[PDB]
Amino acid sequence: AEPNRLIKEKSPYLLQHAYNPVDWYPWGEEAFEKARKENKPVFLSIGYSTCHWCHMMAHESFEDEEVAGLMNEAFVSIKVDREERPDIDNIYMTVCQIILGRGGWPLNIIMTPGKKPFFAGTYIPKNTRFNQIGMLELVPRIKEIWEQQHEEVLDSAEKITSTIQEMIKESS
């Protein structure tokens with residue numbers, strides 16, 4: 001077990017994810033420079049240590065080698081502790097509310113290397129359910145949209161539209 005970068009953090013919440021197979025970064029410019037260099041979207045996950053659905057998602061998805069593998073191909077992934085960066089939490093909760101018309105934790109935001117969001121989700125189960133896409137299906141879909149409808153992604157990010165959110169919704 002070789003740890004990810006969250007091994008350096010003080011937050012018990014962040015330290016608890018330091019052995020996830022997701023190659024997590026903390027919030028910082030390193031993650032965003034990596035995303036820019038590799039031209040990958042950023043997957044931002046915001047949670048806190050008494051958040052039931054954050055633990056559920058860690059247990060089902062972020063500890064899962066298959067999900068993590070897909071996340072590591074698709075994204076630069078960033079973990080934020082709400083209790084340490086409440087400012088960042090409020091910024092992204094607002095974005096989630098704009099796109100989804102609701103909000104909560106865990107807060108999952110997919111954004112451009114320049115930090116422009118184009119997808120939001122709250123708890124996302126590993127496997128797809130009726131009217132609720134799962135992580136195993138979501139991540140490859142997002143990767144494909146990024147690679148093949150890149151201009152639609154940039155347009156959506158620039159104007160905070162729901163077009164990508166709606167593409168994924170239609171996916172089934």
# chains A, B, ... in the order shown; residues from 1 in each chain; ligands from 1
>>> closest_atom_pairs(of="range 15-110 of chain A", to="range 133-138 of chain A", cutoff="8 Å", atoms="only C-alpha atoms", output="Markdown table")
| residue | atom | partner | partner_atom | distance |
| --- | --- | --- | --- | --- |
| A:61 | CA | A:135 | CA | 7.2 |
| A:66 | CA | A:136 | CA | 7.8 |
| A:67 | CA | A:136 | CA | 5.9 |
| A:70 | CA | A:136 | CA | 7.8 |
>>> write_last_selection(atoms="N, CA and C atoms", output="PDB file, in the first residue's frame")
ATOM      1  N   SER A  61     -17.200   3.373  -3.651  1.00  0.00           N
ATOM      2  CA  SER A  61     -16.628   3.846  -4.906  1.00  0.00           C
ATOM      3  C   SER A  61     -15.133   4.203  -4.857  1.00  0.00           C
ATOM      4  N   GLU A  66     -11.762  -0.734  -9.376  1.00  0.00           N
ATOM      5  CA  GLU A  66     -12.269  -0.509 -10.729  1.00  0.00           C
ATOM      6  C   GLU A  66     -12.698   0.986 -10.930  1.00  0.00           C
ATOM      7  N   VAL A  67     -13.528   1.507 -10.027  1.00  0.00           N
ATOM      8  CA  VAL A  67     -13.887   2.908 -10.075  1.00  0.00           C
ATOM      9  C   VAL A  67     -12.644   3.807 -10.078  1.00  0.00           C
ATOM     10  N   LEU A  70     -10.735   3.847 -13.322  1.00  0.00           N
ATOM     11  CA  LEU A  70     -11.390   4.710 -14.313  1.00  0.00           C
ATOM     12  C   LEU A  70     -11.186   6.183 -13.940  1.00  0.00           C
TER      13      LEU A  70
END
>>> select_by_dssp(residues="chain A", states="strand (DSSP E or B)", output="list in words")
residues 25, 42, 43, 44, 45, 46, 47, 76, 77, 78, 79, 80, 81, 107, 108, 109, 110, 111, 117, 118, 119, 120, 121, 129 and 132 of chain A
>>> write_last_selection(atoms="C-alpha atoms", output="PDB file, in the first residue's frame")
ATOM      1  CA  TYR A  25      -4.511  15.607  -4.466  1.00  0.00           C
ATOM      2  CA  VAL A  42     -10.644  17.924 -12.389  1.00  0.00           C
ATOM      3  CA  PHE A  43     -12.944  15.782 -10.220  1.00  0.00           C
ATOM      4  CA  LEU A  44     -13.481  17.650  -6.945  1.00  0.00           C
ATOM      5  CA  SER A  45     -14.958  15.785  -3.986  1.00  0.00           C
ATOM      6  CA  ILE A  46     -15.948  17.742  -0.879  1.00  0.00           C
ATOM      7  CA  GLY A  47     -16.877  16.044   2.363  1.00  0.00           C
ATOM      8  CA  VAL A  76      -7.034  14.745 -11.731  1.00  0.00           C
ATOM      9  CA  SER A  77      -8.907  14.059  -8.471  1.00  0.00           C
ATOM     10  CA  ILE A  78      -9.019  16.504  -5.507  1.00  0.00           C
ATOM     11  CA  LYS A  79     -10.312  15.851  -1.968  1.00  0.00           C
ATOM     12  CA  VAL A  80     -11.469  18.763   0.207  1.00  0.00           C
ATOM     13  CA  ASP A  81     -12.492  18.743   3.842  1.00  0.00           C
ATOM     14  CA  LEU A 107     -20.306  17.344  -3.175  1.00  0.00           C
ATOM     15  CA  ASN A 108     -18.812  16.149  -6.449  1.00  0.00           C
ATOM     16  CA  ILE A 109     -17.916  18.679  -9.121  1.00  0.00           C
ATOM     17  CA  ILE A 110     -16.215  18.043 -12.475  1.00  0.00           C
ATOM     18  CA  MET A 111     -14.473  21.060 -13.864  1.00  0.00           C
ATOM     19  CA  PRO A 117     -17.504  23.568 -13.604  1.00  0.00           C
ATOM     20  CA  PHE A 118     -19.645  21.564 -16.037  1.00  0.00           C
ATOM     21  CA  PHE A 119     -20.968  18.642 -13.980  1.00  0.00           C
ATOM     22  CA  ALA A 120     -22.221  18.315 -10.379  1.00  0.00           C
ATOM     23  CA  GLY A 121     -23.412  15.504  -8.239  1.00  0.00           C
ATOM     24  CA  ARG A 129     -30.004   2.611 -10.824  1.00  0.00           C
ATOM     25  CA  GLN A 132     -29.556   7.601 -11.183  1.00  0.00           C
TER      26      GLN A 132
END
>>> select_by_dssp(residues="range 43-107 of chain A", states="helix (DSSP H, G or I)", output="number ranges by chain")
A: 52-62, 65-74, 86-100
>>> write_last_selection(atoms="N, CA and C atoms", output="mmCIF file, in the first residue's frame")
data_model
loop_
_atom_site.group_PDB
_atom_site.id
_atom_site.type_symbol
_atom_site.label_atom_id
_atom_site.label_comp_id
_atom_site.auth_asym_id
_atom_site.auth_seq_id
_atom_site.Cartn_x
_atom_site.Cartn_y
_atom_site.Cartn_z
ATOM 1 N N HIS A 52 -22.412 10.921 6.605
ATOM 2 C CA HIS A 52 -22.803 9.548 6.301
ATOM 3 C C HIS A 52 -22.610 9.156 4.849
ATOM 4 N N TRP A 53 -23.099 9.993 3.935
ATOM 5 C CA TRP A 53 -23.049 9.670 2.512
ATOM 6 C C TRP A 53 -21.653 9.839 1.957
ATOM 7 N N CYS A 54 -20.800 10.636 2.615
ATOM 8 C CA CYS A 54 -19.373 10.671 2.241
ATOM 9 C C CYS A 54 -18.712 9.358 2.556
ATOM 10 N N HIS A 55 -19.038 8.787 3.709
ATOM 11 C CA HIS A 55 -18.448 7.482 4.069
ATOM 12 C C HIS A 55 -18.941 6.374 3.148
ATOM 13 N N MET A 56 -20.221 6.438 2.802
ATOM 14 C CA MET A 56 -20.830 5.492 1.870
ATOM 15 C C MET A 56 -20.117 5.500 0.546
ATOM 16 N N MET A 57 -19.872 6.689 0.010
ATOM 17 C CA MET A 57 -19.189 6.794 -1.288
ATOM 18 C C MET A 57 -17.713 6.361 -1.223
ATOM 19 N N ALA A 58 -17.030 6.676 -0.121
ATOM 20 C CA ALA A 58 -15.664 6.174 0.068
ATOM 21 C C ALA A 58 -15.666 4.641 0.071
ATOM 22 N N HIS A 59 -16.577 4.050 0.824
ATOM 23 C CA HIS A 59 -16.685 2.621 0.970
ATOM 24 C C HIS A 59 -17.025 1.951 -0.371
ATOM 25 N N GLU A 60 -17.951 2.517 -1.120
ATOM 26 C CA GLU A 60 -18.455 1.825 -2.318
ATOM 27 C C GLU A 60 -17.658 2.139 -3.545
ATOM 28 N N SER A 61 -17.200 3.373 -3.651
ATOM 29 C CA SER A 61 -16.628 3.846 -4.906
ATOM 30 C C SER A 61 -15.133 4.203 -4.857
ATOM 31 N N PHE A 62 -14.740 5.089 -3.939
ATOM 32 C CA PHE A 62 -13.345 5.559 -3.865
ATOM 33 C C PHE A 62 -12.337 4.507 -3.374
ATOM 34 N N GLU A 65 -11.219 -0.558 -6.589
ATOM 35 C CA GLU A 65 -10.133 -0.491 -7.560
ATOM 36 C C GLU A 65 -10.601 -0.209 -8.981
ATOM 37 N N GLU A 66 -11.762 -0.734 -9.376
ATOM 38 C CA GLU A 66 -12.269 -0.509 -10.729
ATOM 39 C C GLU A 66 -12.698 0.986 -10.930
ATOM 40 N N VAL A 67 -13.528 1.507 -10.027
ATOM 41 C CA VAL A 67 -13.887 2.908 -10.075
ATOM 42 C C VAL A 67 -12.644 3.807 -10.078
ATOM 43 N N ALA A 68 -11.726 3.570 -9.154
ATOM 44 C CA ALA A 68 -10.527 4.363 -9.004
ATOM 45 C C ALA A 68 -9.704 4.318 -10.252
ATOM 46 N N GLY A 69 -9.556 3.117 -10.829
ATOM 47 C CA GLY A 69 -8.835 2.957 -12.096
ATOM 48 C C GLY A 69 -9.420 3.867 -13.179
ATOM 49 N N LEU A 70 -10.735 3.847 -13.322
ATOM 50 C CA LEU A 70 -11.390 4.710 -14.313
ATOM 51 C C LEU A 70 -11.186 6.183 -13.940
ATOM 52 N N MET A 71 -11.248 6.511 -12.639
ATOM 53 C CA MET A 71 -11.088 7.907 -12.212
ATOM 54 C C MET A 71 -9.679 8.405 -12.501
ATOM 55 N N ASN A 72 -8.709 7.509 -12.342
ATOM 56 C CA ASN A 72 -7.285 7.851 -12.554
ATOM 57 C C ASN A 72 -6.927 8.016 -14.046
ATOM 58 N N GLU A 73 -7.607 7.282 -14.918
ATOM 59 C CA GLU A 73 -7.476 7.523 -16.345
ATOM 60 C C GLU A 73 -8.168 8.859 -16.732
ATOM 61 N N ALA A 74 -9.360 9.140 -16.186
ATOM 62 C CA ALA A 74 -10.160 10.290 -16.626
ATOM 63 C C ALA A 74 -9.760 11.652 -16.039
ATOM 64 N N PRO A 86 -14.069 25.892 4.305
ATOM 65 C CA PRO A 86 -15.505 26.201 4.179
ATOM 66 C C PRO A 86 -15.800 27.184 3.051
ATOM 67 N N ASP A 87 -14.824 28.030 2.759
ATOM 68 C CA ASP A 87 -14.935 28.922 1.619
ATOM 69 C C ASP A 87 -15.091 28.162 0.279
ATOM 70 N N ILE A 88 -14.292 27.126 0.095
ATOM 71 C CA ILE A 88 -14.322 26.338 -1.130
ATOM 72 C C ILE A 88 -15.627 25.551 -1.207
ATOM 73 N N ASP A 89 -16.040 25.048 -0.066
ATOM 74 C CA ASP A 89 -17.297 24.340 0.050
ATOM 75 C C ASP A 89 -18.502 25.229 -0.376
ATOM 76 N N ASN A 90 -18.511 26.482 0.073
ATOM 77 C CA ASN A 90 -19.619 27.358 -0.241
ATOM 78 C C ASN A 90 -19.625 27.737 -1.713
ATOM 79 N N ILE A 91 -18.460 27.955 -2.289
ATOM 80 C CA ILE A 91 -18.362 28.227 -3.721
ATOM 81 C C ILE A 91 -18.945 27.099 -4.551
ATOM 82 N N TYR A 92 -18.563 25.871 -4.230
ATOM 83 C CA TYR A 92 -19.020 24.723 -5.015
ATOM 84 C C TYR A 92 -20.418 24.244 -4.688
ATOM 85 N N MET A 93 -20.890 24.492 -3.471
ATOM 86 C CA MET A 93 -22.286 24.206 -3.138
ATOM 87 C C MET A 93 -23.184 25.120 -3.984
ATOM 88 N N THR A 94 -22.757 26.374 -4.163
ATOM 89 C CA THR A 94 -23.520 27.316 -5.016
ATOM 90 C C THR A 94 -23.618 26.786 -6.480
ATOM 91 N N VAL A 95 -22.498 26.336 -7.009
ATOM 92 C CA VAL A 95 -22.428 25.745 -8.352
ATOM 93 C C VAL A 95 -23.355 24.505 -8.484
ATOM 94 N N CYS A 96 -23.342 23.680 -7.467
ATOM 95 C CA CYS A 96 -24.166 22.489 -7.510
ATOM 96 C C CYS A 96 -25.660 22.857 -7.518
ATOM 97 N N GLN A 97 -26.036 23.804 -6.641
ATOM 98 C CA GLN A 97 -27.379 24.353 -6.628
ATOM 99 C C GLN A 97 -27.823 24.976 -7.977
ATOM 100 N N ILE A 98 -26.918 25.669 -8.660
ATOM 101 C CA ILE A 98 -27.216 26.293 -9.944
ATOM 102 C C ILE A 98 -27.555 25.206 -10.974
ATOM 103 N N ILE A 99 -26.717 24.175 -11.014
ATOM 104 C CA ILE A 99 -26.861 23.105 -12.014
ATOM 105 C C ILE A 99 -27.995 22.119 -11.665
ATOM 106 N N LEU A 100 -28.073 21.686 -10.414
ATOM 107 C CA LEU A 100 -28.967 20.603 -10.075
ATOM 108 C C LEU A 100 -30.237 21.094 -9.463
#
>>> residues_around(residues="residue 116 in chain A", least_positions_apart="5", cutoff="9 Å", atoms="only C-alpha atoms", output="list in words")
residues 110, 111, 154, 156, 157, 158 and 160 of chain A
>>> write_last_selection(atoms="N, CA and C atoms", output="PDB file, in the first residue's frame")
ATOM      1  N   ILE A 110     -17.206  18.239 -11.414  1.00  0.00           N
ATOM      2  CA  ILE A 110     -16.215  18.043 -12.475  1.00  0.00           C
ATOM      3  C   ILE A 110     -16.032  19.384 -13.187  1.00  0.00           C
ATOM      4  N   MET A 111     -14.796  19.803 -13.314  1.00  0.00           N
ATOM      5  CA  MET A 111     -14.473  21.060 -13.864  1.00  0.00           C
ATOM      6  C   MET A 111     -13.255  20.974 -14.788  1.00  0.00           C
ATOM      7  N   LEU A 154     -16.382  23.102 -23.095  1.00  0.00           N
ATOM      8  CA  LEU A 154     -15.883  24.439 -22.853  1.00  0.00           C
ATOM      9  C   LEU A 154     -17.009  25.497 -22.886  1.00  0.00           C
ATOM     10  N   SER A 156     -20.223  24.950 -22.220  1.00  0.00           N
ATOM     11  CA  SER A 156     -21.006  24.735 -21.030  1.00  0.00           C
ATOM     12  C   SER A 156     -20.319  25.313 -19.756  1.00  0.00           C
ATOM     13  N   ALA A 157     -19.005  25.101 -19.652  1.00  0.00           N
ATOM     14  CA  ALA A 157     -18.216  25.582 -18.526  1.00  0.00           C
ATOM     15  C   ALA A 157     -18.167  27.083 -18.516  1.00  0.00           C
ATOM     16  N   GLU A 158     -18.033  27.670 -19.701  1.00  0.00           N
ATOM     17  CA  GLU A 158     -17.980  29.112 -19.817  1.00  0.00           C
ATOM     18  C   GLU A 158     -19.295  29.793 -19.452  1.00  0.00           C
ATOM     19  N   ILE A 160     -21.882  28.263 -17.602  1.00  0.00           N
ATOM     20  CA  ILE A 160     -22.523  27.485 -16.536  1.00  0.00           C
ATOM     21  C   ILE A 160     -23.888  26.892 -16.935  1.00  0.00           C
TER      22      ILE A 160
END
>>> closest_residue(among="A:34, A:123, A:22, A:5", to="residue 51 in chain A", atoms="only C-alpha atoms")
A:123
>>> closest_residue(among="A:114, A:3, A:21, A:12", to="residue 63 in chain A", atoms="only C-alpha atoms")
A:21
>>> residues_around(residues="residue 41 in chain A", least_positions_apart="5", cutoff="6 Å", atoms="only C-alpha atoms", output="PDB file with C-alpha atoms, in the first residue's frame")
ATOM      1  CA  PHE A  75      -9.306  12.948 -14.032  1.00  0.00           C
ATOM      2  CA  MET A 111     -14.473  21.060 -13.864  1.00  0.00           C
ATOM      3  CA  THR A 112     -12.076  22.329 -16.454  1.00  0.00           C
ATOM      4  CA  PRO A 113      -8.336  22.796 -15.655  1.00  0.00           C
TER       5      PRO A 113
END
>>> closest_residue(among="A:49, A:37, A:145, A:127", to="residue 13 in chain A", atoms="only C-alpha atoms")
A:49
>>> atom_distance(atom1="CA of residue 124 in chain A", atom2="CA of residue 147 in chain A")
22.5 Å
>>> closest_residue(among="A:159, A:115, A:126, A:40", to="residue 146 in chain A", atoms="only C-alpha atoms")
A:40
